[PDB]
Structure formats: structure tokens, C-alpha cells
């Protein structure tokens, strides 16, 4: 049975996705490339380099250079941080309290390298997370949708796949959790159809973090 809950960050702990999607759309627009807001949501969870290389390959037929990757990501971060800071996803704190009260270990598994958000995890969720029990952009070669980040969390936690549950909100992250062989709950906190989360391999679908929190004891029975 359950020992740990592996939380995605963007769109699960923080309501940051309207900002990430907007910044990704606008920065690519400045470089003359097309990435719609919807497409940014479909690429949620990917590393910055992978996101940039997908946009480049499908448009120009070539990948971006390291200098181009660094420059575009640099620009994206500045634009992300120009908006009022992302607030907590409603229900995330209450669920974290619930899982900790039940003796489960909270972990974070994110494709993010966004320092402003990562360094706000303690202030927003006091006493919940530890750096040794987190996987971020800094840990991975491939990143979501590769199961690598979730396999890394299991290792960091000393966990088997059947002792964990994944909470995800995006098709590439759901895929990552599912391909890691972990029970994966999708929470549809964005504008995409819930079908994409289920198609990606989600074992359950809830419309919000708060309803997941309301339903937690029932689903774990």
C-alpha cells in the first residue's frame, strides 16, 4: 500500500499555467515562430530545451542551438516573472495536509527549472517538501513525457512503483507517471479536454485539486 504521493508542480501545486503558456506563446512570436497557447498547454511538463527544439524542428526542420535555447529560455523566464506571482492551486494545501496526516511522504516531480516557483515551495507549503525528495529540471536528461523523472523520484524516496501515486494535470506528465508504472490521478486544471489526460494513461480523472481532496479517502479505501 501507499507510502508516498508524487505531486506535479505547475498546474497542480501552483496556478502558474496561464502565465507559462502566455510567456511561451509570446517569446516564440518574437522569434517569428508559431506556438499557440493551446500548443503550450499540450507541451506542459517538457524541459525548456525540448519545447524549443520541437517548435524549431516542426517549423524550420532544424533544431535550435544551445545559444538559442539559452536565449529563448532566458526571455521566457523574464516574461513569466513580469506577471503577478502564481498563487496556490485551491485544494493543494488541504490535500497535502491530508496526505501528511495519513503518514504519506509528499514529493515534487516537475519539469520546471523556474527558480521563483521552486524557491516558493516551502513558503506556500510549509513543512511538506524536502530537496532530497524532489525531482526538477536539474535532475533529468530527457524529462516528461519520459518516465525518467518519476522513476528518479521512486529511487530518491526508496520506493517501489506500487507504493506511490502520481498527481498530474497535463498529458505529457500523465504519460510520464503511467509509463513509470505508477497509479496516476489526473486533475484537469487547464483548458484541455479531459480525454487527452485519459488518453495519456490516467487511472482516474478529477476536475480539480479540491474535488480530489474531497474524494481522497474514498479512492484510497
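Residue numbers count along the first chain shown, from 1.
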Report summary line: Looking only at C-alpha temperature factors in the entry, 67 to 75 or 131 to 139, the higher average sits in 67 to 75
Query raised in the report: Mean C-alpha B factor from the entry: is it higher for 169 to 177 or for 36 to 44?
Result: 36 to 44
Query raised in the report: Of the choices 187, 54, 153, 164, which one's C-alpha carries the largest B-factor in the record?
Result: 54
Report summary line: Binned into thirds over the chain's modelled residues, the C-alpha B-factor of residue 6 lands in the lowest
Report summary line: Quick tally, chain-level thirds of C-alpha B-factors: residue 145 sits in the middle
Query raised in the report: Should residue 116 be placed in the lowest, middle or highest third of its chain by the C-alpha B factor in the entry?
Result: middle
Query raised in the report: Going by what the PDB entry lists, where does residue 102 fall on CA B-factor within its chain: lowest, middle or highest third?
Result: highest
Requested in this report: Within this chain's modelled residues, let me know which third the CA B factor of residue 194 belongs to: lowest, middle or highest.
Outcome: lowest
